[PDB]
Amino acid sequence: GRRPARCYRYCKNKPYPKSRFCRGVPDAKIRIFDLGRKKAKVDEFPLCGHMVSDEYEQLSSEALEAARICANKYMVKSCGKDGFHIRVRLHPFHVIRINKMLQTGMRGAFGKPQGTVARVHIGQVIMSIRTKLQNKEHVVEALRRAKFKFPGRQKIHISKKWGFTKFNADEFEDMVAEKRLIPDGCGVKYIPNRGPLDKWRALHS
Amino acid sequence: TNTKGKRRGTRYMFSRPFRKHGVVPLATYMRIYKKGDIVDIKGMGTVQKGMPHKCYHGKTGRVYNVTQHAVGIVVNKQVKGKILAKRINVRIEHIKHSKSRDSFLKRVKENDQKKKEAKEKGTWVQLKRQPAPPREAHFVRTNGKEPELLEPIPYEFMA
Amino acid sequence: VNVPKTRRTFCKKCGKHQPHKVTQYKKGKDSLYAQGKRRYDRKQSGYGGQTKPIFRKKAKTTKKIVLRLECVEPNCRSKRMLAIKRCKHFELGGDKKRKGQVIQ
Amino acid sequence: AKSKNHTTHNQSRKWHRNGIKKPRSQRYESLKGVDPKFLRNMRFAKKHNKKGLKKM
RNA sequence: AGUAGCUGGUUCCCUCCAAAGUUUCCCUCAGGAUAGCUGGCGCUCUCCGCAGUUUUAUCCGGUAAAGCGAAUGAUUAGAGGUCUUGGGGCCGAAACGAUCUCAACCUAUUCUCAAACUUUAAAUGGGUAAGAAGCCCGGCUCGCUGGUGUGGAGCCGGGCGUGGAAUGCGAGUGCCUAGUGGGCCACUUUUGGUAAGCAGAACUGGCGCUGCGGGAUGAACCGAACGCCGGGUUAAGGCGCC
RNA sequence: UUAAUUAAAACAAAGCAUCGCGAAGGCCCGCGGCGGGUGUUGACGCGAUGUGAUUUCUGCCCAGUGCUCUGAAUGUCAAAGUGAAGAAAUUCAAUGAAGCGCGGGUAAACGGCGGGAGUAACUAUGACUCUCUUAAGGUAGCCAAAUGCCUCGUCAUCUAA
RNA sequence: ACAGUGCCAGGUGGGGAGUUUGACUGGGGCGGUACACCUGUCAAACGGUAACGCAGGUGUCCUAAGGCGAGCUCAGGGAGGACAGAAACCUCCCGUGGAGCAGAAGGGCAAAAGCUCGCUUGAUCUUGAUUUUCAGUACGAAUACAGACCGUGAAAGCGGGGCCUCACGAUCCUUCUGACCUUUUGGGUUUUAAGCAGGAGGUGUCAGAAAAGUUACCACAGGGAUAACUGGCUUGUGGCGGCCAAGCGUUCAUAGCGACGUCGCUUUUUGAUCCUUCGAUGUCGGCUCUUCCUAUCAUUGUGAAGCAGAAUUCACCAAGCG
RNA sequence: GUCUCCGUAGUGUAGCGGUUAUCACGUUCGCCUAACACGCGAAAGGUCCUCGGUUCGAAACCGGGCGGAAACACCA
RNA sequence: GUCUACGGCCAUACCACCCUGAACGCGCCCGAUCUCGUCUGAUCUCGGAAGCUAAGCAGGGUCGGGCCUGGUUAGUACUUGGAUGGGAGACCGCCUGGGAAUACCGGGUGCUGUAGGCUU
Ligand SMILES: [Mg+2]
Ligand SMILES: [Mg+2]
Ligand SMILES: [Mg+2]
Ligand SMILES: [Mg+2]
Ligand SMILES: [Mg+2]
Ligand SMILES: [Mg+2]
Ligand SMILES: [Mg+2]
Ligand SMILES: [Mg+2]
Ligand SMILES: [Mg+2]
Ligand SMILES: [Mg+2]
Ligand SMILES: [Mg+2]
Ligand SMILES: [Mg+2]
Ligand SMILES: [Mg+2]
Ligand SMILES: [Mg+2]
Ligand SMILES: [Mg+2]
Ligand SMILES: [Mg+2]
Ligand SMILES: [Mg+2]
Ligand SMILES: [Mg+2]
Ligand SMILES: [Mg+2]
Ligand SMILES: [Mg+2]
Ligand SMILES: [Mg+2]
Ligand SMILES: [Mg+2]
Ligand SMILES: [Mg+2]
Ligand SMILES: [Mg+2]
Ligand SMILES: [Mg+2]
Ligand SMILES: [Mg+2]
Ligand SMILES: [Mg+2]
Ligand SMILES: [Mg+2]
Ligand SMILES: [Mg+2]
Ligand SMILES: [Mg+2]
Ligand SMILES: [Mg+2]
Ligand SMILES: [Mg+2]
Ligand SMILES: [Mg+2]
Ligand SMILES: [Mg+2]
Ligand SMILES: [Mg+2]
Ligand SMILES: [Mg+2]
Ligand SMILES: [Mg+2]
Ligand SMILES: [Mg+2]
Ligand SMILES: [Mg+2]
Ligand SMILES: [Mg+2]
Ligand SMILES: [Mg+2]
Ligand SMILES: [Mg+2]
Ligand SMILES: [Mg+2]
Ligand SMILES: [Mg+2]
Ligand SMILES: [Mg+2]
Ligand SMILES: [Mg+2]
Ligand SMILES: [Mg+2]
Ligand SMILES: [Mg+2]
Ligand SMILES: [Mg+2]
Ligand SMILES: [Zn+2]
């Protein structure tokens with residue numbers, strides 16, 4: 001139904017968002033970016049692996065949907081439906097056009113919206129998985145399988161940050177002990193030595 | 001093609017800076033402009049009268065006429081292979097005294113004094129500027145501290 | 001466009017602002033003995049058919065309204081033409097606008 | 001048929017063959033375009049310059 | 001000897017200089033006029049001026065990047081409040097009584113974005129200045145301005161050469177003027193298109209107009225530009241044999 | 001019948017049907033006239049068209065475009081003529097030929113001749129009904145016809161196909 | 001006294017004459033207007049910059065929506081108040097503009113440029129200079145002044161149209177307005193006519209001819225600047241083939257298949273483009289004849305099956321022979 | 001494909017920027033008739049296809065959709 | 001130390017809340033005969049001087065929000081010029097120069113001109 005993904009692999013056009021100028025864009029193939037036990041607290045899943053893009057290219061919303069299912073099914077089978085949390089880190093905002101031929105030719109060749117893609121840079125995280133530290137093997141295998149749904153080269157990388165947080169795993173526990181970090185569900189709020197001293201009193205009372 | 005509109009492409013050029021809209025400070029209107037002065041042209045979108053044309057925004061000219069509200073400026077404009085001395089009428093909101101010559105006038109006064117003062121003291125002083133010379137030989141004391149050894153760091157995939 | 005039937009404007013004969021009667025200008029009927037109409041008649045006579053262009057491709061849908069001013073000074077009565085912009089609807093001394101009224 | 005539409009290629013090469021000469025500068029510029037009221041008095045100032053000739 | 005904005009042809013040598021396929025207007029699109037690019041003839045001076053350059057000062061800017069716990073727009077996930085509004089429940093005599101529960105809402109966070117968003121904000125870039133047409137004194141004219149013999153401009157006389165960054169270079173100026181007005185290619189940037197030895201732009205440089213060494217071969221690549229010669233040395237490329 | 005790429009289903013034809021004209025006329029020629037052809041003619045004739053033997057039949061539409069008929073009753077309407085103003089040039093008014101407008105006729109004149117929905121006791125159709133609608137809304141016939149896109153329509157016959 | 005003829009006048013008059021029947025354009029036509037203009041973007045931080053590039057607008061509207069002055073403050077929200085409720089009107093508070101300013105958009109604007117009142121006609125008369133497009137021409141539009149008459153305000157001041165960026169038109173001709181105007185030919189008076197200056201009547205193909213078709217009966221000058229074959233680049237579409245493995249296969253992913261995805265190859269499909277050929281490369285199909293490819297239907301030699309045999313399916317070397 | 005046009009009670013249809021959204025049929029209630037039809041007197045019932053916008057007020061006017069129907073598509 | 005009138009720059013000056021304000025001021029404040037204007041002496045205008053710093057206003061405070069300014073981000077991203085560099089490409093590295101911005105961390109919290117007062 002759609003052209004082979006080699007036709008829209010490269011970031012050749014400027015970003016083309018669905019806006020008030022580009023009307024008629026069909027809905028993206030991927031509508032869910034978080035799945036698994038999304039409600040696990042920050043402290044339940046210390047491990048985090050990433051699928052990191054090694055190329056500057058465009059991924060179709062179809063391949064994001066395909067990879068998500070691929071990585072999600074393998075985790076449900078090797079860790080259980082409540083043993084992980086998957087977050088797809090790319091959103092298909094750039095719109096790809098089509099100049100449909102059956103005949104004007106190249107006259108009036110500007111194309112109609114055909115789909116959506118995510119523009120991914122080198123070193124940019126495609127999708128992330130957080131789970132328990134004893135499932136590190138199953139995370140790598142899930143992301144290794146999902147690579148086959150994407151064009152180009154992607155690298156797997158087990159992060160040093162605690163879960164989906166921005167704070168290193170080697171010190172995350174210490175910061176929570178002294179109330180520099182406050183769990184707020186999947187993540188942690190950061191407490192600076194700033195602001196009204198009342199907020200400090202509340203945290204220490 | 002494009003349009004020949006007078007203010008095409010001035011969306012940002014003539015807009016006011018961030019959180020600097022509103023009333024125009026009155027010192028803008030208290031400046032004294034004299035024939036021969038050098039002024040930098042800068043269109044201000046708050047006042048739409050006497051607006052300089054976009055091609056003159058960011059150019060520097062010379063005042064030749066002074067009226068109640070505006071001045072006449074002789075400003076070079078390049079059109080293709082020739083440069084034309086153009087005469088524009090610009091309300092004094094859209095100009096400011098150029099400080100490019102002030103450094104020169106400061107130097108002239110300093111030059112003349114040194115020229116005058118040194119003459120009565122029978123000495124030759126330098127007056128002409130010079131380009132920065134290569135730095136002269138010098139000693140670097142170590143203060144009994146071995147220079148810190150530097151090494152390249154290992155690669156890490158901090159992705 | 002709505003224009004008052006009077007306006008105090010400049011009179012060239014008087015050299016000072018004066019009240020003026022305002023009316024719309026209307027082209028007068030063509031003279032048969034104007035040099036241009038006399039030359040045309042002689043050229044259009046005999047054989048040869050039409051000799052001048054006849055304009056067909058009309059594009060404008062309105063005209064510039066010219067107001068005929070007259071000085072109301074009994075001694076001066078000087079007149080002047082005063083053209084305004086294009087308008088599809090033009091009237092003299094129509095009902096003046098009212099604000100804060102219920103429109104029925 | 002269709003042809004090229006516009007370009008400025010080769011144009012800065014032609015402009016510089018005879019140099020992009022700056023406008024000529026004279027020590028006396030024309031009073032064209034200066035304020036008519038101020039020019040009227042300047043003419044009057046010049047017109048009676050000879051009145052104070054002996055004093056000078 | 002009809003006219004032809006169209007096809008074809010247009011006859012000796014050497015020397016010197018040497019283009020354009022671009023601007024605007026045209027029933028203009030296979031053509032003209034126009035500016036540009038060219039040539040010729042000079043002339044006014046010279047043995048201060050100028051510059052496809054940097055330096056030093058000083059302005060101009062909103063692209064690259066970045067931002068979205070900053071405005072606009074788009075957008076993922078949980079978390080804490082919640083009666084200020086609803087869906088379900090749910091004990092009733094029943095109410096804003098009790099009870100949860102899911103939603104909207106609000107508050108802090110969180111994922112991801114913009115050619116027609118932006119608080120920030122480069123590099124490269126554009127303008128100006130770097131003196132004698134300057135600086136500093138005394139005076140005079142005014143019908144302009146005016147509390148003021150104030151202001152401004154103009155004019156007269158006088159005094160100051162360490163000619164006030166680097167570098168390079170002789171400059172200025174005027175007539176007459178042909179051809180051209182189908183272009184095309186490459187690095188980078190860039191629009192449309194799946195792409196194209198595709199169509200359309202910016203910058204510079206090329207081919208066209210140009211041979212020569214290398215790329216076996218080749219309009220454009222790499223090196224390098226050319227009077228007729230000898231010797232020497234090289235470039236880019238090479239050194240089994242051809 | 002296209003001499004020299006088309007011999008035909010094309011043209012003609014008898015038959016049929018219109019139309020103009022009674023001679024100072026119809027139709028036509030001619031630069032010209034007491035000019036000329038039809039015409040040495042006279043409506044069973046001459047002139048202008050369509051269809052195309054016979055057989056059978058030739059339905060509806062005059063709104064459109066044509067053609068035609070009636071006209072001071074009568075809007076517009078040239079020159080010339082008439083009247084008034086003026087020094088005159090000139091201007092103005094009154095009057096009002098044909099033709100156009102107005103009203104009839106005419107299709108063997110050019111031509112034209114619908115759409116939607118519901119409805120019969122299985123289903124299907126739908127004689128029947130409702131509705132919008134035009135100047136008529138395609139009648140008798142005929143048809144995948146030299147005329148039907150879909151289409152190599154569907155059924156039957158002709159073949160092993 | 002009409003026919004008729006001579007000369008004028010009105011109608012009819014493709015019977016006949018002459019002529020026209022735009023341009024751009026991924027060939028032309030059809031379609032659009034990228035033909036005169038304006039906003040944002042493209043556009044690569046001065047300016048400029050193309051495409052039948054993208055998102056839009058214009059041929060108007062306004063006696064006030066122009067001008068001045070004064071006085072106010074808007075969208076939205078919160079909380080209160082008979083009927084009154086989501087929504088009527090009153091009150092208090094918050095409110096950087098989240099409103100409004102004729103319109104497209106962008107910019108600008110808070111004791112205002114918005115809203116409401118009061119007075120008004122600077123939308124008037126006039127000579128030059130300048131800017132924008134630019135050839136440094138015209139128009140159009142705009143900017144500073146200058147000279148008169150004015151309005152408004154207590155006044156400073158502001159105003160010669162609309163907050164800024166668009167909203168428009170030469171020559172010739174016609175019409176109007178102006179002067180104790182010039183000429184009206186030998187002089188004078190007077191009608192007329194012509195001059196001079198400023199408006200309007202319009203050219204939207206918008207620097208401005210007056211303009212319908214058809215040609216298969218066709219013609220000339222050209223064009224490979226340009227379409228209809230081949231060939232060339234490309235390969236979207238077509239064809240063929242891999243990779244991952246959710247499923248299918250009773251069981252069992254992979255004997256045989258294979259979704260969601262993804263990577264390729266081919267030029268026996270169609271496109272896209274217009275490089276060669278228009279002083280001509282004979283345009284479909286069949287027939288005949290040779291040759292070549294392999295992506296193998298058969299045959300030879302093989303491997304694997306959900307291969308008992310038979311039949312079949314998948315795969316290998318393989319184009320010798322059909 | 002380009003261009004033009006159309007969506008209103010159950011059906012077919014009017015609407016001349018401010019309507020009690022027109023007409024006919026249909027449905028319902030009551031008379032009439034032994035009953036039916038015809039007929040007479042009444043009643044009800046429009047998601048103005050949908051979203052946005054101008055307007056003091058949009059069924060209408062202007063745009064974006066959702067379905068529908070015409071006209072073209074030629075020279076090889 | 002500080003205020004009043006008029007200002008320049010226009011948040012280091014703003015916003016929220018709390019504390020403190022001698023003197024003179026600036027105010028709140030008391031009235032409507034006159035001037036003037038309102039549905040309303042609320043505002044505006046006019047005539048005053050019983051009271052009060054309650055508020056405005058001034059100074060200060062807040063591990064305050066904002067704002068200003070540094071650090072980090074980082075010689076990172078981006079970039080001028082170069083190569084017969086790599087790679088099928090996408091892109092990337094190096095040579096020669098220039099060189100950012102968040103988050104995060106710190107510091108600051110109006111200066112000042114003219115005139116005239118108060119403060120032994
Ligand atoms: Mg592109
Ligand atoms: Mg005649
Ligand atoms: Mg050209
Ligand atoms: Mg000849
Ligand atoms: Mg000849
Ligand atoms: Mg030609
Ligand atoms: Mg023309
Ligand atoms: Mg040629
Ligand atoms: Mg820009
Ligand atoms: Mg960016
Ligand atoms: Mg090209
Ligand atoms: Mg050539
Ligand atoms: Mg050359
Ligand atoms: Mg060469
Ligand atoms: Mg080679
Ligand atoms: Mg040699
Ligand atoms: Mg023959
Ligand atoms: Mg024959
Ligand atoms: Mg007939
Ligand atoms: Mg018949
Ligand atoms: Mg008829
Ligand atoms: Mg028919
Ligand atoms: Mg029938
Ligand atoms: Mg038959
Ligand atoms: Mg048959
Ligand atoms: Mg005729
Ligand atoms: Mg003819
Ligand atoms: Mg053409
Ligand atoms: Mg640039
Ligand atoms: Mg005001
Ligand atoms: Mg004036
Ligand atoms: Mg206004
Ligand atoms: Mg006489
Ligand atoms: Mg034919
Ligand atoms: Mg033909
Ligand atoms: Mg060609
Ligand atoms: Mg082809
Ligand atoms: Mg394919
Ligand atoms: Mg199974
Ligand atoms: Mg080409
Ligand atoms: Mg040949
Ligand atoms: Mg041959
Ligand atoms: Mg041949
Ligand atoms: Mg094989
Ligand atoms: Mg006290
Ligand atoms: Mg009071
Ligand atoms: Mg207090
Ligand atoms: Mg703070
Ligand atoms: Mg302070
Ligand atoms: Zn008068």
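Note on naming: letters A, B, ... go to the chains in the order of the sequence lines (proteins, then strands), and numbering restarts at 1 for each one. When reading the values below, keep in mind they use all heavy atoms of this one structure, side chains included, and skip hydrogens, waters and symmetry mates.
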Side-chain N,O (D:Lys4) to OP1/OP2 (E:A201) below 4.0 Å: yes

Sugar-phosphate only, base, or nothing, as touched by C:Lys60 at under 4.0 Å among non-hydrogen atoms: base

Nucleotide opposite G:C54 in a Watson-Crick or G-U pair, distances under 3.5 Å: G:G40

N or O in side chain of D:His6 less than 4.0 angstrom from E:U22 OP1/OP2: no

Any D:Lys14 side-chain nitrogen or oxygen under 4.0 Å from OP1 or OP2 of E:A35: no

Spacing of the P atoms in I:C68 and E:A70 (rounded, Å): 15 Å

Touch class at under 4.0 angstrom, heavy-atom based, for B:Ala118 against every strand present: base

Gap between atoms CD1 and P, on A:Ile98 and G:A272 respectively (whole Å): 15 Å

Sugar-phosphate, base or nothing in reach of A:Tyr190, heavy atoms under 4.0 Å: sugar-phosphate

Partner nucleotide, any strand, of G:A259 [Watson-Crick/G-U, under 3.5 Å]: none

Sugar-phosphate only, base, or nothing, as touched by C:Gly49 at under 4.0 Å among non-hydrogen atoms: nothing

Sugar-phosphate only, base, or nothing, as touched by D:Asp35 at under 4.0 Å among non-hydrogen atoms: sugar-phosphate

A:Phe21 ring over E:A116 six-membered base ring, under 5.5 Å and 30°: yes

Which residues share a ring-ring contact (aromatic ring centres under 6.0 Å, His included) with A:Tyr74, sequence neighbours left out: none

Watson-Crick or G-U wobble partner of I:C14, both distances under 3.5 Å: I:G65

Phosphate contact (E:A57 OP1 or OP2) by B:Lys99 side-chain N/O below 4.0 Å: no

Touch class at under 4.0 angstrom, heavy-atom based, for C:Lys13 against every strand present: sugar-phosphate

Spacing of the P atoms in G:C72 and E:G97 (rounded, Å): 49 Å

Results of side chain to side chain donor-acceptor pair (under 3.5 Å) for C:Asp95 - residues two or more places apart only: none

N/O (side chain, C:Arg7) to phosphate O (OP1/OP2, G:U124) under 4.0 Å: no

Sugar-phosphate only, base, or nothing, as touched by D:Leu53 at under 4.0 Å among non-hydrogen atoms: nothing

Sugar-phosphate, base or nothing in reach of B:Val79, heavy atoms under 4.0 Å: base

Check ion pair C:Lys79-C:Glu70 (N to O, under 4.0 angstrom): yes

Sugar-phosphate only, base, or nothing, as touched by B:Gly72 at under 4.0 Å among non-hydrogen atoms: nothing

Nucleotide opposite F:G47 in a Watson-Crick or G-U pair, distances under 3.5 Å: F:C19

Candidates G:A50, G:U60, E:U110 - which lies nearest the side chain of B:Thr1: G:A50

Sugar-phosphate, base or nothing in reach of B:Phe104, heavy atoms under 4.0 Å: base

N or O in side chain of B:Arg19 less than 4.0 angstrom from I:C14 OP1/OP2: no

Ring centroids of D:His16 and E:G52 base under 5.5 Å with planes under 30°: yes

Touch class at under 4.0 angstrom, heavy-atom based, for C:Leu32 against every strand present: sugar-phosphate

Nearest to side-chain heavy atoms of B:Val125, which nucleotide of E:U162, I:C10, G:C46: E:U162

I:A77 to E:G67 separation - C1' atoms, rounded to the nearest Å: 14 Å

Geometric class of the B:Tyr56/B:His53 ring pair [parallel <30°, tilted 30-60°, perpendicular >60°]: perpendicular

Any D:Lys21 side-chain N or O less than 4.0 Å from OP1/OP2 of E:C50: no

Residue B:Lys86, side-chain heavy atoms: nucleotide from G:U131, E:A115, G:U63 that is nearest: G:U131

Side chain to side chain donor-acceptor pair (under 3.5 Å) involving B:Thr60 - partner list, sequence neighbours excluded: B:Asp40

Touch class at under 4.0 angstrom, heavy-atom based, for D:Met42 against every strand present: sugar-phosphate

Among G:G261, G:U273, G:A146, the one nearest A:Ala66 by side-chain distance: G:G261

Restricting both atoms to N or O, compile the protein contacts to nucleotides 30-32 of chain E shorter than 3.5 Å, with distance only.
none

Comparing A:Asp54 and A:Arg194 on RNA chain I - which has the more 5′ nearest nucleotide: A:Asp54

Nearest listed nucleotide, side chain of C:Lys29, among F:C92, E:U118, E:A166: F:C92

Listed nucleotide nearest any side-chain atom of B:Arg129, set E:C136, E:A130, I:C63: E:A130

Base paired to H:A69 (Watson-Crick or G-U; both N/O distances under 3.5 angstrom): H:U4

Separation between the P atoms of G:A65 and E:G152, rounded to whole Å: 47 Å

Residue-phosphate contact under 4.0 Å: A:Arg23 side-chain N/O, G:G56 OP1/OP2: yes

From E:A153, G:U133, G:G107, nucleotide with atom closest to B:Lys4 side chain: G:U133

Interface residues of residues 2-12 of chain A with RNA chain I (non-hydrogen, below 4.0 angstrom): A:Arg9, A:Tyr10

E:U204 OP1/OP2 closer than 4.0 Å to side-chain N/O of D:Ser12: yes

Nearest-angstrom distance, P atom, G:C164 to G:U137: 29 Å

Residue C:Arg8, side-chain atoms from C-beta onward, closest of G:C145, G:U49, G:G151: G:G151

Among G:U132, G:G271, E:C111, the one nearest A:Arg87 by side-chain distance: E:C111

Touch class at under 4.0 angstrom, heavy-atom based, for C:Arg68 against every strand present: nothing

Listed partners of A:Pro151 passing side-chain contact (heavy atoms from CB on, under 4.5 Å), at least two apart: A:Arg9, A:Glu57, A:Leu59

E:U162 pyrimidine/purine six-ring stacking with B:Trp124, under 5.5 Å and 30°: yes

Candidate nucleotides E:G61, G:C164, E:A196, ranked by approach to the side chain of B:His57 - the nearest: E:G61

Whether A:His121 and A:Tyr56 hold their rings parallel, tilted or perpendicular, with breakpoints at 30° and 60°: parallel

